[PDB]
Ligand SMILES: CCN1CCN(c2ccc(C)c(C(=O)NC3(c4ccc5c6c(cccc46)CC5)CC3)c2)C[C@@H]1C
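Form deposited without the named molecule, single chain, as structure tokens, below.
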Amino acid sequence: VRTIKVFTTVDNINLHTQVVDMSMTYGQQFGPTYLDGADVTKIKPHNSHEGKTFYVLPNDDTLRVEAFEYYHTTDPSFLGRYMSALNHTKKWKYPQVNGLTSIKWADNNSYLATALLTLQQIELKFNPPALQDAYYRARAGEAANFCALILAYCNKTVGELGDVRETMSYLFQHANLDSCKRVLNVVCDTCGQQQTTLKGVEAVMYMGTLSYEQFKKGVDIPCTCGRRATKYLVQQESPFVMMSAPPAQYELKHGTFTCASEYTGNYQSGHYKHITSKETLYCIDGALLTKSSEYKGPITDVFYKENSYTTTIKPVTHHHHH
């Protein structure tokens, strides 16, 4: 019997010494097994494998705890999905574009590029150590592990079409937003008013208008007493807000927003671009960069800086002048 020593892991930090029989596959001994993303389940150990680290699934109590502590998931397919994605994302390129880590287009990944660019411009701290560690590396230019984690957390495979709003939602669900608070009021014709308080992810996301200013002034909505009704922002406490809507032609004005995403083309037949407001408006499209003084396009998501906002207008005034 010929053997080699290898290490198994679920978090690539805590290692577990193993002695493997070179006459059996990794799968026969460990279950599903990966070497830096590559599936070696059906491969028998090589001499060159000695001392190397292999990912396995969290198939015993120790690994189950290590994987939960690192990733904050007990989804049994998570490690396989992460490794499957990493085998691709490690071959992607991550150019620095206008000082930010982007992603060269591959595998329908434009939604990931604009999400990654956005993260580098808003204040957001991740909760799972896995995302903390990988995002730090991404900021330094080595974003393969971070991108593979995004795929795994969002349950998207490489090549699958993704939505930026949904992707940000998943990332925010794995981020510390406990201090974020939103208070809204709805004026329902002359039938009454209703205030609502939102926290965390729900305090920083809105679907229906791209304009933060319009949300402060008021948006028209239905209520039980008709379509003469107005919803507006009373109070906001957060370091950013994200305003989203179905793609529509929209003008982005320098200095009035932080960054945005555009979706050109048709449904499930299109492409995302990133627009960032710096000294001028830069459009980052993967590895590509252009500039303009004004930008108009089919915008889907706009990000704004915030700290603390409180309205200085009474309900009836928003209802009648928004």
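From 1 onward, residues are counted along the sequence shown.
J.: If you average the Cα B factors in the entry, which is higher, 66-74 or 29-37?
T.: According to the entry, 29-37 carries the higher average C-alpha B-factor.
J.: Which has the higher mean CA temperature factor in the PDB entry, 221-229 or 137-145?
T.: That would be 221-229.
J.: Taking the values straight from the PDB record, which of 53, 290, 266, 258 has the highest C-alpha temperature factor?
T.: Of 53, 290, 266, 258, 266 has the highest C-alpha B-factor.
J.: Specify which of 168, 131, 113, 191 carries the largest Cα B factor in the deposited PDB entry.
T.: The C-alpha B-factor peaks, among 168, 131, 113, 191, at 191.
J.: Residue 187: which third of its chain by C-alpha temperature factor?
T.: Answer is highest: the recorded C-alpha B-factor places it there.
J.: Among the modelled residues of its chain, does the C-alpha B-factor of residue 210 lie in the lowest, middle or highest third?
T.: Residue 210: CA B-factor falls in the middle third of its chain.
J.: Lowest, middle or highest third: which one holds residue 43 when the chain's residues are ordered by CA B-factor from the entry?
T.: Highest third.
J.: By the record's CA B-factor, is residue 308 among the lowest, middle or highest third of residues in the chain?
T.: Tercile = middle for this residue's CA B-factor.
J.: Lowest, middle or highest third of the chain for the C-alpha temperature factor of residue 179?
T.: Highest third, going by the recorded CA B-factors of the chain.
A second form of this protein, the form deposited with the named molecule bound, is not displayed here; the remarks below concern that form.
J.: Using heavy atoms only and a 4.5 Å cut-off, decide whether all three of 4, 12 and 26 touch the named molecule in the deposited bound form.
T.: No: none of 4, 12 and 26 comes within 4.5 Å of the named molecule in the deposited bound form.
J.: Check each of 295, 54, 263, 30 and return the one that places a heavy atom within 4.5 angstroms of the named molecule in the deposited bound form.
T.: Answer to the contact question: 263.
J.: Using a 4.5 Å heavy atom cut-off, which stretch among 162-170, 133-141, 90-98, 115-123 contacts the named molecule in the deposited bound form?
T.: After filtering at 4.5 Å, what remains is 162-170.
J.: With the partner left out here, check for me: in the deposited bound form, does some heavy atom of residue 247 sit within 4.5 Å of the named molecule?
T.: Output for residue 247 is yes: heavy atoms within 4.5 Å of the named molecule.
J.: Taking the named molecule as it sits in the deposited bound form, is residue 268 in contact with it (heavy atom to heavy atom, 4.5 Å or less)?
T.: Contact check for residue 268: yes, within 4.5 Å of the named molecule in the deposited bound form.
J.: Under a 4.5 Å heavy atom criterion, is residue 272 part of the interface with the named molecule in the deposited bound form?
T.: Contact with the named molecule, yes.
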